[PDB]
Amino acid sequence: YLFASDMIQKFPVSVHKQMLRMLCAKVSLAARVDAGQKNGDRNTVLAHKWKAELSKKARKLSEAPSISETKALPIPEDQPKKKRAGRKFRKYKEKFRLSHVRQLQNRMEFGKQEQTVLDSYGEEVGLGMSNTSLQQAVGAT
Amino acid sequence: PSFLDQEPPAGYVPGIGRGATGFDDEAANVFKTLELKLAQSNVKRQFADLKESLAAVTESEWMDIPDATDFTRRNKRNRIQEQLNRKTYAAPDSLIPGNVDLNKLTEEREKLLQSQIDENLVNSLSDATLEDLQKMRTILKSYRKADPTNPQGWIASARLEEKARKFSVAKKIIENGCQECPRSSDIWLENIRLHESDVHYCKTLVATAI
Amino acid sequence: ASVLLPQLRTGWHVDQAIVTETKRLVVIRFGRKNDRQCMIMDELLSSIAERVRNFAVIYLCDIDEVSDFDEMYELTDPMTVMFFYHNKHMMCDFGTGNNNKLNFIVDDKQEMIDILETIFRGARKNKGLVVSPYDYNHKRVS
Amino acid sequence: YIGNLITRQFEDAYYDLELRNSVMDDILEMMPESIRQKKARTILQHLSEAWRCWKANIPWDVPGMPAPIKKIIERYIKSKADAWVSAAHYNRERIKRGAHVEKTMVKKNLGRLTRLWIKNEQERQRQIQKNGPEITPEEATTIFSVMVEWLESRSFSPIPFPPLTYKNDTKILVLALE
Amino acid sequence: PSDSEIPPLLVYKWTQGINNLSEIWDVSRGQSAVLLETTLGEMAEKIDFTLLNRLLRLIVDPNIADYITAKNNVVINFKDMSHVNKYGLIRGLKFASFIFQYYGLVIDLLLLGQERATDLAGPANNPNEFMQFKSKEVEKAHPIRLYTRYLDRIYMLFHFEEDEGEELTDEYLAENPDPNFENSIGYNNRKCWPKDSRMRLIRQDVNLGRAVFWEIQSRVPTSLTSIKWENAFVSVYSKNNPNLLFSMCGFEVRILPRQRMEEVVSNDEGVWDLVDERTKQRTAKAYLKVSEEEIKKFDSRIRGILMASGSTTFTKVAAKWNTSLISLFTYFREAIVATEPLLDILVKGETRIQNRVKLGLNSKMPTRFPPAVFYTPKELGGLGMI
């Protein structure tokens, strides 16, 4: 039901969800106030300022953020970047550094055609020198 | 903006100012006259009359304009896509396309599956290169000529060049190795296995073997 | 353009604008400002200016009021782009054959940032000439 | 040649950008008031922002913009929109032909033609949801009767949901992962 | 595609099937075979989730089906723009192949018909092999002899008698009629062949093809797939045209028998000889070319790998173009020798790299730049070009 209300359907497509949650909340609260009030004396001021609040919410969520000043690139200066080392940093840096078998794959022999695995996706994959000579003859990788 | 607001103090003829580096009259008028004698949009207009229809906007309305507020949020999404593209990574060592096989893979991990459930209860490689197979042949020549009496000498080179050559040439060097070996039965068993015949040759193999 | 990009009024604004900035990299341009070729370079150097602000800087120079630097730097051209670092002309090597200035338009923002970054590298390394990462042989060579 | 030589010695990306700087000059000449530079900046932001919103196919309506400025902006993004659509196509045809194309021009054409293709697609979605499904219950009756009659004629046992314990399960998972 | 035949084997086996049909090439009594090729346009884009979902409830546990359609309904995002796909299939999904092929089976059942598709599939207990029938009678029963579907593309081989052709032409010219003989206009025969090879236009055969295609289009609903004449290629083998023209998986196939062979000239290099199973001799021959679309795709990939994409390095360009041309020569193989226009695009495109490698070294034009640098195994340091 409430999703078919004008209070929601008047605002754009992006805000219907937030207006639905906030709207259902304010409807529950409003019905609770109406349940607390006597039949004789009732005031609409609470649902009025709540409707104003929902209007503010919808207009704020509708208005996007203002553009930021374009972030400038850092000054292109070279730095030693220190060194570090260590189990902690050798693990975290270890995921990035090319492993020894990747280096051996980057090494390709001069005379002989390098060992090349042709994947079902593509044939372009060479193994380079990653496999030993004997290993390359047996083909067990 | 400071130097822009300072204005030029008359002029410095700037060519010499910072030391920049470069990496009759009636006649002239006459020839100019000779050069002379011999030498002889719409949507923007819509923008202009719309510009004229602008006139209804008072300066107090001009002082207030809803600046910026980009509705595409390409600032955020640009920041997120940037965060995603900053770094990349190195591929692990399991992506070297050896792949093993779906046999060791499946029968390997299905027993792990059954373990977890019970707890809850040549490949694609290119052909062997000739020079490499030459290194194979030399190395195995050495390991064979080391001790001819070693059965595993002719068995290791037997299977090992048997994969490379696949042919009766390797099978023949295996056979000669059986001539050197014979007192060991293993070279005769692997010998028979590396020969393919139902009766003719293999029964003779068994005869000599026993 | 003509909003973010400061437009240098006369040869004194050009000279002083070049001399003032030691830290940043002074990028001066010269163009008839009514021409399509220099107009594209302007509307590029607006966003490029916003990106390279922290290190490089952009300045609009038409040849209308300023005839001075034409005799000096040999400028006629549809457009030209001049570079200066420590009040010194920064020579930029493209495949055009003109190492001094670049008369050609580039269509890639990240590229323009790349060549400004490059001439900034050679600039700090004090080298007079820096090799541009790209070629621009067959592109324009006007 | 020689004449101009002794004389001097002895002394479309064009179209669309011209459409933009043209409107920036028009708005630039609209009101010569105070702080006109800041206003030119913010109005430029509304100009490029509006063009990006049209590229995203989104209503650009701003509650605080004056009517004639909104009108001139919509006019711009409409003309720029037309040269954008026509250019994204004509250049595409030049690429299919292979005559003359610029290395990042083919990329920007990929982007633009992409955005108009997504625009056409979600437009089709909006229209289909607008007028309902194209399929009539009569056609659906006939064709569905054909498929059902086929599966009955072939006596096809339906595929069950994968059991809690399936025989080939682990191998199927292996095939997917590989 | 099945799990057995690669698309080339589908082409060859297909031609062998057309040749293995019973007396398909005999026009003596007025028999006319009409091979209708057409792609089903927009299909996967116009697939509907309600109908599709019920058709899946036929196959699978409705949980799986509701998962499938629920996955085909999501929010599709590109840069700074977002929508939902309510209408049409999302191809990037993995099961989208099964859904695609099955909805294609719906359209197949509409095309063929219940009884005729039952005749092609044969008994459910002993399903027949592709293009294999239990009896020549059921082979000769319905006008459709052979039928197959490759993705959107559908291939329907018809065999008509004189009375049949006259009937369908009289019907479609009864609803159609256009006395100005405009039926030759808008008809698109495959234009990549040499004249006489391309099928001739004769009002009886043209009206025959357009009549059959009109029966098919009228047979399949519009809200399901859009079957368009300009997207359809209709070949007509009859007393007039001794050429069977069809494009399967990129191959341009013309088929001519020994009977009518004297009508045109043999193409020598790059041919197939179609052998009948019963006679155990060579009944026909199929001459091949590469389709203009595949040619535009190769030239496409060359211009995109060179003129569109610069910078990078040398060995990567030689390796990428190399694996491209290897892929193409392995997929087309023999047809490359037959097709003249592509053999020029090879030399032109292969020259574009040498220019791209030269102009990467220096601005000047090398007068003679030795081929030994381009053609040399990558192990020796050469570009490894082939």
>> Can you say whether D:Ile77 is at the interface with chain E (Cβ under 10 Å from one of its Cβ atoms), of a type in the set (A, V, I, L, M, F, W, C) and either under 19 Å from the mean Cα position of the chain (by Cα) or in a loop (DSSP other than H, G, I, E, B) (or both), as far as the supplied structure shows?
In response: no
> Which ones in the range E:53-74 are surrounded by fewer than 16 Cβ atoms within 10 Å (Cβ to Cβ) and either outside any helix (DSSP H, G or I) or touching a strand residue (DSSP E or B) at 6+ places or on another chain (Cβ under 9 Å) (or both)?
Replying inline: E:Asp61, E:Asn73, E:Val74
>> Looking at B:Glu107 and the list (1) surrounded by 13 or more Cβ atoms within 10 Å (Cβ to Cβ); (2) closer than 19 Å to D:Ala176 by Cα, which single condition is not satisfied?
In response: (1)
> Which residues, counting only those in the range E:1-58, are away from chain D (no Cβ under 14 Å) and of a type in the set (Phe, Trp, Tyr)?
Replying inline: E:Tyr12, E:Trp14, E:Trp25
>> Take the conditions of a type in the set (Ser, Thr, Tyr), within 14 Å of chain C (Cβ to nearest Cβ) and outside any helix (DSSP H, G or I) and apply them to B:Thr72. Does it pass?
In response: no
> Since E:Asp61 meets every condition but one in (1) within 9 Å of another protein chain (Cβ to nearest Cβ); (2) on the phi > 0 side of the Ramachandran plot, which condition does it not meet?
Replying inline: (2)
> Restricting to the range A:1-42, what's the tally of residues that are more than 14 Å from chain D (Cβ to nearest Cβ), surrounded by 14 or more Cβ atoms within 10 Å (Cβ to Cβ) and of a type outside the set (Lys, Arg)?
Replying inline: 11
>> From the list C:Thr10, C:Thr76, C:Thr96, exactly one residue is under 17 Å from C:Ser142 (Cβ atoms), surrounded by fewer than 17 Cβ atoms within 10 Å (Cβ to Cβ) and facing another protein chain (nearest Cβ under 10 Å). Which is it?
In response: C:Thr76
>> Would you confirm, using the coordinates I've provided, whether E:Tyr103 is more than 9 Å from every other protein chain (Cβ to nearest Cβ) and among the aromatic types (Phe, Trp, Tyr)?
In response: yes
>> Which pairs turn up if I take residues in the range B:41-57 that are within 13 Å of D:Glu29 (Cα to Cα) and more than 7 Å from chain D (Cβ to nearest Cβ) and look for partners that are loosely packed, with under 10 Cβ neighbours inside 10 Å and among the basic types (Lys, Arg) with beta carbon separation below 8 Å, at least 6 apart in sequence or on another chain?
In response: none
> How many of the residues in the range E:351-386 are assigned to a helix (DSSP H, G or I) and more than 21 Å from E:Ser311 (Cα to Cα)?
Replying inline: 2
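To keep it simple, each residue is scored yes or no on (1) more than 10 Å from chain B (Cβ to nearest Cβ); (2) of a type outside the set (D, E, K, R); (3) touching a helix residue (DSSP H, G or I) at 6+ places or on another chain (Cβ under 7 Å).
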position: D:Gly3; (1), (2), (3): no, yes, no
position: D:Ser22; (1), (2), (3): no, yes, yes
position: D:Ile27; (1), (2), (3): no, yes, yes
position: D:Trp54; (1), (2), (3): yes, yes, yes
> If you check E:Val206, E:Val236, E:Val220, which single one turns out to be under 30 Å from E:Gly88 (Cβ atoms) and of a type in the set (A, V, I, L, M)?
Replying inline: E:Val220
> Can you spot a residue in the range A:73-85 that is part of a helix (DSSP H, G or I) and under 29 Å from the mean Cα position of the chain (by Cα)?
Replying inline: no
> Across the range B:149-175, which residue is nearest to B:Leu205 (Cα to Cα) among those that are of a type in the set (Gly, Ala, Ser) and either touching a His at 6+ places or on another chain (Cβ under 8 Å) or surrounded by fewer than 16 Cβ atoms within 10 Å (Cβ to Cβ) (or both)?
Replying inline: B:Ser168
> Are any of the residues in the range E:281-300 under 17 Å from E:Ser22 (Cα atoms) and outside any strand (DSSP E or B)?
Replying inline: yes
> In the list D:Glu139, D:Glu123, which residue meets the criterion of being of a type in the set (D, E, K, R) and more than 16 Å from the chain's Cα centre (by Cα)?
Replying inline: D:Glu139
> Quick check: is even one residue across the range E:305-325 more than 20 Å from E:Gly250 (Cα to Cα), charged (D, E, K, R) and surrounded by 13 or more Cβ atoms within 10 Å (Cβ to Cβ)?
Replying inline: yes
> From the residues in the range E:25-52 that are out of contact with any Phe, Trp or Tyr (no Cβ under 8 Å at 6 or more places or on another chain), not acidic (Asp, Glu) and not in a helix (DSSP H, G or I), which one is nearest to E:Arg282 (Cα to Cα)?
Replying inline: E:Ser28
>> Restricting to the range D:144-155, give me the number of residues that are within 7 Å of chain E (Cβ to nearest Cβ) and of a type in the set (S, T, N, Q).
In response: 2
>> Out of everything in the range D:95-143 that is of a type in the set (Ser, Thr, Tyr) and either buried (at least 17 other Cβ atoms within 10 Å of the Cβ) or not in a helix (DSSP H, G or I) (or both), what residue ends up being farthest from the other protein chains (Cβ to nearest Cβ)?
In response: D:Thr136
>> Within the range A:96-110, take every residue that is over 19 Å from E:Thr315 (Cβ atoms) and surrounded by fewer than 11 Cβ atoms within 10 Å (Cβ to Cβ) and give me the one that is farthest from the other protein chains (Cβ to nearest Cβ).
In response: A:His100
> Within the range B:176-186, how many residues turn out to be surrounded by fewer than 20 Cβ atoms within 10 Å (Cβ to Cβ) and either among the small types (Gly, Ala, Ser) or in contact with a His (Cβ under 8 Å, 6 or more places away or on another chain) (or both)?
Replying inline: 2
> Do we have E:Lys94 as facing another protein chain (nearest Cβ under 9 Å) and over 30 Å from the mean Cα position of the chain (by Cα) here?
Replying inline: no
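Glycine also receives a Cβ, built like all others from the backbone with ideal geometry; neighbour counts cover every protein chain displayed. Every number here is computed from the coordinates shown, using simple stated rules; none is lab data.
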